[PDB]
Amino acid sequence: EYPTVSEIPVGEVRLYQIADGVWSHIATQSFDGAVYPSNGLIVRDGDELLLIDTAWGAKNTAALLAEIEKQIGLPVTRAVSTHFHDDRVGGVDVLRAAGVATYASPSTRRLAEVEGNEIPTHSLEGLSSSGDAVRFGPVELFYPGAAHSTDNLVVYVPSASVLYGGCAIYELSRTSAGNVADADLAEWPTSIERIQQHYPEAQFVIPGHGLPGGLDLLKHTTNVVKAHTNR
């Protein structure tokens, strides 16, 4: 019953409960004449919520906050963006105006500035070298190395064995690469290997776009990235 791109009007946001205190949020956006889905994460931290990634733009992110209040009724106090593209930081200004403390790595913040995208206020330290991990409340943040972008982070929820791979991980229905202008193709499979080695216990894997699955999404993504490498 996971909502797919064809079910969600641009401007609407859906929530999908994965476990006690863990949801994904799903939105859609138009770009270059097509419509794409996008995922983020919501993790309960006591009586507050941690948000992972925006809903791709100001209008979607405003709807996201309204759906959170309607369906959960707890305040979003912190948000983390997992890389610098608009499906991760677009809407950060909406979050900040709502009193959310927005976070990203120094690398993400610099790349967002250069690209002209919205810049999360706070900086996540300790994530600059491949294999680095830091705790952030109810989650662990992990920098696996360059992949979809040089700055992409992954997020693990240990209480629920949920691994949020972000745009470094592809859904199964994507059999060809897309939006890889900022990627490091040569290192992407190695970065995926670091994820597998660090979170081999993950049970639920959430890509940046599309349907969740298991750790086989990591093998799937390696297959697709290597095929694009050899195009």
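Heads up: residue numbers just count along the shown sequence, starting at 1. Just so we're on the same page, rigid core means the largest C-alpha set that superposes within 1.5 Å between forms.
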item	value
Stretch with greater C-alpha deviation in 8 other deposited structures of this protein, 27-35 versus 190-198 (rigid core superposition)	27-35
Average Cα temperature factor in the PDB entry - higher stretch of 127-135, 144-152	127-135
Which of 165-173 and 59-67 has higher mean CA B factor, as the PDB entry lists it	59-67
Identity of residue with top Cα B-factor, from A101, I72, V89, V157	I72
Top Cα B factor in the deposited entry, candidates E187, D47, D182, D53	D47
Third of the chain, ranked by Cα B-factor, where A97 sits	highest
Entry-reported Cα temperature factor of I42, expressed as the chain third it lands in	lowest
B-factor third for the C-alpha atom of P207 within its chain	lowest
For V5, the third of its chain into which the C-alpha B factor falls	highest
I192 - Cα temperature factor, lowest/middle/highest third of chain	lowest
